[PDB]
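If you read the sequences in order, they're chains A and A'. A prime marks a further copy of an entry chain. Sequence positions in the first sequence follow the entry's author numbering and run 35 to 194, 201 to 253, 262 to 403, 411 to 441. Sequence positions in the second sequence follow the entry's author numbering and run 35 to 194, 201 to 253, 262 to 403, 411 to 441. Each residue gets a CB set at the ideal place from its N, CA and C atoms; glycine is no exception. Comments concern the structure below.
There are 2 protein chains.
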Amino acid sequence: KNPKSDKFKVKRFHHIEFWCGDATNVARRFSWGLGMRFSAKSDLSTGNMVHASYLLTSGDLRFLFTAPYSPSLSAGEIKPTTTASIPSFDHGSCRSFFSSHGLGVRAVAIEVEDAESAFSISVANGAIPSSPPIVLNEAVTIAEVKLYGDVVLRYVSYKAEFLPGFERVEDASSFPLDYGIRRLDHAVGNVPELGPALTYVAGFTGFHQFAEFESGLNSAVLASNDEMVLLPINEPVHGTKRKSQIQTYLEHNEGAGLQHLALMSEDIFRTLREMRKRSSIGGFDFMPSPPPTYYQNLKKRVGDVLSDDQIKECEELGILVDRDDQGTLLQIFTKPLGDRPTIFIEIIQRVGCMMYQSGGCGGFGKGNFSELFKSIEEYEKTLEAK
Amino acid sequence: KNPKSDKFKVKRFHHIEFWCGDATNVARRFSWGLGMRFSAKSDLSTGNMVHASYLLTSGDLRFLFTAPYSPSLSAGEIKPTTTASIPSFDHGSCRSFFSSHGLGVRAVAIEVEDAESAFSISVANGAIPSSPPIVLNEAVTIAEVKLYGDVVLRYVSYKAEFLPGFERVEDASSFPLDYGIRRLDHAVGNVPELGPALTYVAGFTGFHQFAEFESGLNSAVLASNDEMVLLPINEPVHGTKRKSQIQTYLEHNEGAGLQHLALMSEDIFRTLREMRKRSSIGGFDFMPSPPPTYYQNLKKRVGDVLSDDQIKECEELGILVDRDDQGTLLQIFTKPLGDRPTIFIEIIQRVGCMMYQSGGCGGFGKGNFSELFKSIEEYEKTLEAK
Ligand SMILES: CS(=O)(=O)c1ccc([C@@H](O)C2[C@H](O)CCC[C@H]2O)c(Cl)c1OCCC1OCCO1
Ligand SMILES: CS(=O)(=O)c1ccc([C@@H](O)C2[C@H](O)CCC[C@H]2O)c(Cl)c1OCCC1OCCO1
Ligand SMILES: [Co+2]
Ligand SMILES: [Co+2]
């Protein structure tokens, strides 16, 4: 059921901002690893004495990487005279965030009808304010409320190209990389306590619970009216033999934070071929592939959706497959993006639920916890028996 | 003249350590941009709860990238029980260094006969101690003294493979990249006052002044007995029309620090072809090339060393050329390695001074300050006149 209870008009995911020690090196690594183009910048060369911010894009996916300069460069500025292009940025907040959590997502940004109204309604309904609505060049409004941990939900609204003060990148520095990624599908947080986190976020957004279909986790998914903004949240489950991976996350991250970003590809086979070719030459590594038994079991589970050849291509690339009552999902996960075993990326492509494709078609892959465990058990038994 | 006055036995440059916010992303960017292989690691997977350190190598060049984990992971350790593989590492020092200076070189490491004796002799002769000699696994000794700013000169000596506690990298993660770089030629510091810096470093090393052959700088070069360890130092010159680039460095770096690393290539043409192909797909950018007049003037300056075709290849790749009374130098410079206009890299190859090739053959390219200025003037006059 979808009660369509959004308290303000939400459009789509807009961008994700990483807070970095050095934005240049992270942005260049991510560009090559994910096939995203350098599309905009705000830094010393554009008159920003406060922070360096670089924007990568692939289709509608926008990744922003931001790091602070020495405060001495802007020591004479005040907020009314700032050269920062992102008015919510603060040197101390950014250094403290990065010291505490390491490389990770500071902002999950959604485009809304009116960021000032979204902010006001959110705070009136319990949201903890983080940055008030600020109008940039009478053209774009940006505001921020706390989401979980030190992650903020950022609202952006446009009167009518990323943000004023950003310059498009001269095409010599903009190599047109593209491995097929096209948009952010969902963004997932890890929290110590799921219940209060859900009550808080659903309380101030009106987002509803998205319908779902040992593990070490409990999870639930909040969704916007058209279910195109999807925000799963996990908590750890204490009491099992293999330690909860969510708890390990919270320890290494110093608390709640963004766990994974799921990036929709329009051709997950091409995306994974391209990303895997680059894993050991500066790109991203992937989780170890499931055993051949997992792909043997795929035929019985999705043989009506995927041909034998398409299943064998999934096996070549290590792709996981899960299925709903309405759709089928192809997914795969990277190893952690940085030094700490915290944030990682998921590549996903969904088949079915055609109307456009409805949001969340096929679910989030919860069935693969069981299917993976099952397939490993079968594989070890096959090996021992042979 | 070479008085050969080293106060202890110095062998060669050993490694350069960068202090990072996230070592993984910087190391992966540098690996792809410079063609260096991942060769060793010390991190959570090797039992190090304190810092993540990744070693890249190309020939004898060794770049180490280190970042701190959350202090909470090691909060119960003391130095006698540490899981750090680099005993001089400190969470607070590393965060403070990076907050102050951004991404840059913390340690210039030279291999010596006996690091404990080198440390003792250095401090007895004025060196400010930074980390005392520590013997690792009865096999390697490491010690550190202050060089300039927050850069240390690190001594390493081996009884008899990088450092105990580091693990060789499984060849699946070790792609055998190689663009031709083979060793560190020189490492250059920017300081506010050259005189005292030289007196200090030459005071405690016994290094002698290496013989040299508007600019905004004064510079001098300290050298070990066989002139294979080369440490140029620059100070700003105030009073000119175009602001001293050394002063700009000191402002953005919050003081003295390492300005550039010069990496010797065994085939500078191949190195630059490979690095330039990757500039816009995650690698390093280069300074704008000199005008065609510079390469027209090359024929009159080095036509006896380089054929017309070799000169045209220099022009294709933007390579600069300078000449001594003893040798010729091919060189080119990157744009800054990170967000701040501070540290950059030089690629160099030297021809002549055969005995082995003597250190510093051809100088450091000081003649290119004049030759570049001259050639730009000629080019603008050609364009206006045509
Ligand atoms: C074992 S799994 O079936 O690989 C698998 C399936 C689905 C999802 C996610 O996308 C899900 C979704 O977005 C929200 C709901 C819950 C969440 O779990 C993951 Cl995070 C996942 O774990 C991958 C990394 C990890 O590496 C070691 C073990 O797993
Ligand atoms: C104009 S230059 O002739 O490109 C040139 C020639 C030689 C050297 C160095 O290696 C030299 C050496 O190691 C030690 C002695 C002095 C030092 O200067 C440089 Cl740093 C250099 O500037 C490059 C970057 C900068 O970018 C904008 C202007 O220059
Ligand atoms: Co997911
Ligand atoms: Co140089």
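Put simply, the CB of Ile393(A') is far from chain A, with every gap to its CB atoms at 8 Å or more.
Below the 7 Å Cβ cutoff, chain A contributes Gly386, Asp387 as neighbours of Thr58(A'), in chain order.
In this structure the region 308 to 324 of chain A' lies against the region 65 to 77 of chain A', because at least three pairs of beta carbons, one per stretch, are closer than 8 Å. By DSSP's assignment, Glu51(A) forms a beta bridge with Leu98(A), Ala141(A). Within chain A, the residues placing a beta-carbon under 8 Å from that of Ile329(A') are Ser65, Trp66, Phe215, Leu217, ordered along the chain. Taken in chain order, the complete alpha helix (DSSP H) segments of 4 residues or longer contained in the region 275 to 340 of chain A' are 293 to 301, 316 to 325.
Between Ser76(A') and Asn82(A') a beta carbon distance of about 5 Å is seen, short of the 8 Å cut, so the two are scored as contacting.
With a cutoff of 7 Å, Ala242(A) does not count as near ligand 1, since its C-beta is closer than that to no heavy atom of the ligand. For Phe132(A), the residues of chain A' that pass the 7 Å Cβ criterion are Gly55, in the order they occur in the chain.
Residues of the region 279 to 311 of chain A whose Cβ lies closer than 9 Å to any Cβ of chain A', in chain order: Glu299, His300, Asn301, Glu302.
Contact residues of the region 74 to 106 of chain A' toward chain A are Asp77, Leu78, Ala86, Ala101, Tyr103, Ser104, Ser106 (C-beta to C-beta distance below 8 Å).
Taking the CA atoms as reference points, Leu270(A) sits about 12 Å from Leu234(A).
Around the beta-carbon of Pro102(A'), 16 or more other beta-carbon atoms lie within 10 Å, marking it buried. By the neighbour-count definition (other C-beta atoms within 10 Å, threshold 16), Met402(A') is an exposed residue. Put simply, the backbone Cα of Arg188(A') is about 28 Å away from that of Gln293(A'). Contact between the region 235 to 248 of chain A' and the region 148 to 164 of chain A' is present: 3 or more CB-CB pairs across the two stretches fall below 8 Å. In the DSSP assignment, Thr376(A') falls within the beta strand (DSSP E) that extends over 375 to 381. At least one beta carbon of chain A' lies nearer than 8 Å to the beta carbon of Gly136(A).
Around the beta carbon of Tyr411(A'), a 10 Å sphere encloses fewer than 16 other beta carbons of the protein chains shown; the residue is thus reported as exposed. With 6 Å as the limit, the residues whose C-beta approaches a heavy atom of ligand 4 more closely than that are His226(A'), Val228(A'), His308(A'), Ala310(A'), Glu394(A'), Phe419(A'), in chain order. When distances are taken from the beta-carbon of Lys421(A') to the heavy atoms of ligand 2, the shortest one is below 7 Å.
Distances from the CB of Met335(A) to the heavy atoms of ligand 1 include at least one below 7 Å. Non-local beta-carbon contacts of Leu365(A') in its own chain, meaning distances under 6 Å to residues more than five positions away in sequence, involve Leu320 in chain order. Classified as exposed, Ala440(A') has fewer than 16 neighbouring CB atoms from the shown chains inside 10 Å of its CB. In chain order, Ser133 make up the part of chain A' whose C-beta sits under 7 Å from the C-beta of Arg129(A). DSSP, reduced to helix, strand and coil, places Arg388(A) outside both helices and strands of the structure shown, so it counts as coil. Per DSSP, the unbroken beta strand (DSSP E) holding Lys180(A) starts and ends at 174 to 182. Chain-ordered, the chain A' residues with CB closer than 8 Å to the CB of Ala212(A) read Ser328.
Contact between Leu306(A) and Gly55(A') does not hold, since the beta-carbon distance rounds to 17 Å and is not under 8 Å.
Using a Cβ-Cβ cut-off of 8 Å, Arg62(A) counts as an interface residue toward chain A', since at least one Cβ of chain A' sits closer than that to its own. Cβ atoms of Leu368(A') and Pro340(A') stay farther apart than 8 Å, at about 14 Å. When C-alpha distances from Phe250(A) are compared across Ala237(A), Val231(A), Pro280(A), the shortest belongs to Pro280(A). Contact annotation: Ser267(A') and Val285(A') have beta-carbon atoms that are not nearer than 8 Å. Comparing alpha carbon positions, the residue from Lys347(A), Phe47(A), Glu432(A), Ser328(A) closest to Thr382(A) is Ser328(A).
For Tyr434(A'), there is no enclosing beta strand (DSSP E); the enclosing alpha helix (DSSP H) covers residues 422 to 440.
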